[PDB]
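Only this structure's heavy atoms are used, side chains among them; waters, hydrogens and symmetry mates stay out. The chains referred to below are lettered A, B, ... by the order of the sequence lines, with proteins before strands, and numbering in each begins at 1.
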Amino acid sequence: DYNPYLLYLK
Amino acid sequence: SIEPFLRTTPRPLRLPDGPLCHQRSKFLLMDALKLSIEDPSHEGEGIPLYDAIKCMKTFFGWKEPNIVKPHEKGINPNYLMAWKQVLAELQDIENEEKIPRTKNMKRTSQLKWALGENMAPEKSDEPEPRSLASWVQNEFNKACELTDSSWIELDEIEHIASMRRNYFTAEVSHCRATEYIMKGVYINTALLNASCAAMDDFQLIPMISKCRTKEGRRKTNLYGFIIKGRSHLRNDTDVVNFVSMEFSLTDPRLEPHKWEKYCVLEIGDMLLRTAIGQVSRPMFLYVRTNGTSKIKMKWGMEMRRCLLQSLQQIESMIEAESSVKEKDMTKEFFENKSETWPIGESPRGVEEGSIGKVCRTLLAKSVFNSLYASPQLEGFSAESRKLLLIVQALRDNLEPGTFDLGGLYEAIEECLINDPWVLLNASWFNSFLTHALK
């Protein structure tokens, strides 16, 4: 599943 | 620092319980089906109704239409009669030497019911809470994926910027979200122009897009038809009602909650390839009444903005890592494909992805913000940003002020009622939160 909020982890 | 047991750990957002949410897009997304023709060389844009008829003749399995999934809150024979009237009026168009640029339909009892009665010449709200259905994530995933076709056209014929736009464009030109932009631009252009030019008439509007095959050859696509209702649009908030009639191979019985607003007709037999070989499968027509406004149609005509706005977000990401390494990483990011980003998840945990997957995910998010635009989204976006900043600061061991966290959660959770897109964004935030403060 794509989840753009996960970019904030990097 | 205060004792660790006194430090406040942000809790998950609470999503409301209720019946599974239903599709509320202005047109079909993953479920659409295209009947397509290969454009003549140097064609341009044809007459929409002429292209529509040509596209329909590429399908060899038309049959007598029947209702197979009633609209619970509708007069289902009126939907079936509306479709038969569209076919009868296309036949009348076919019987004339000259195909017109626009078509006004007969205002029959079925269309008056679906669209409304005559009026003298002038001198979203659904309140109940709904639960998040799996189809929203599934739609988003499909939007992030690549198509066989290119949706962005080249132009008439600074190293960094040029190289960035070209790298980004190469990554999103075939992206399903880019199909949704061009589909949205075309249909909102046709509906707004008809809304302004033929205010009293029920106009038959083909739903059309254009793309280029892998072979660089031009295709015209037909998704179905819209019938425009009465459209005296004085202010930019005034509603034009329309009837949408959309081809699909999706069996509506799999996800009844998704299709609550629709009547589904079976209109044809499609020969399909499967591992075992050839099979006959039904072609469906998804029919619903819907509505839009001048301001929403203007936004739809502007959907190419999503490409600039998502490029902006990629540019910023290349800017930050170009500062640290003091060497602009543009080529290496798109070329190396060795650097990864946290872009997906499964029960197994976070999934790392190429810059291409990041380009397509951010485009898809911008495009879904436009397709499912709502006041609740604007509120959720503003308030959720404030919480994300607190979570980032906590993750970095910075001790941000938490005394007003209670009022922030109230303002976010106020936005979580029944919107499928806002509810997915809230679920996404929760997943990030579990990973952020592990």
Student: How long is the straight-line distance from OH of B:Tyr372 back to OG of B:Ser25, given to the nearest 0.5 Å?
Tutor: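 Here the interatomic distance stands at 4.0 Å.
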
Student: Under 4.5 Å heavy-atom distance to chain A, tell me which part of B:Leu362 shows up: side chain, backbone, both or neither.
Tutor: side chain

Student: Under 4.5 Å heavy-atom distance to chain A, tell me which part of B:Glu345 shows up: side chain, backbone, both or neither.
Tutor: both

Student: Surrounding CZ of B:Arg304 (heavy atoms of other residues, nucleotides or ligands, distance under 6.0 Å), is the total greater than 12?
Tutor: no

Student: Considering only heavy atoms, which portion of B:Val391 lies under 4.5 Å from any heavy atom of chain A: side chain, backbone, both, or neither?
Tutor: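 Nothing of B:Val391, per the 4.5 Å heavy-atom cut-off to chain A.
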
Student: Which residue pairs pass the salt bridge (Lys or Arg N to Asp or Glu O under 4.0 Å) test when at least one of the two sits in residues 366-385 of chain B, sequence neighbours left out?
Tutor: B:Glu383-B:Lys386

Student: Scan residues 359-368 of chain B for pairs that pass salt bridge (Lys or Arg N to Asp or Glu O under 4.0 Å), counting only residues two or more places apart or in two chains.
Tutor: B:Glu171-B:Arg360

Student: Is it the side chain or the backbone of B:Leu424 that comes within 4.5 Å of chain A heavy atoms, both, or neither?
Tutor: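 For B:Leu424, there is no contact with chain A at all, as no heavy atom is under 4.5 Å.
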
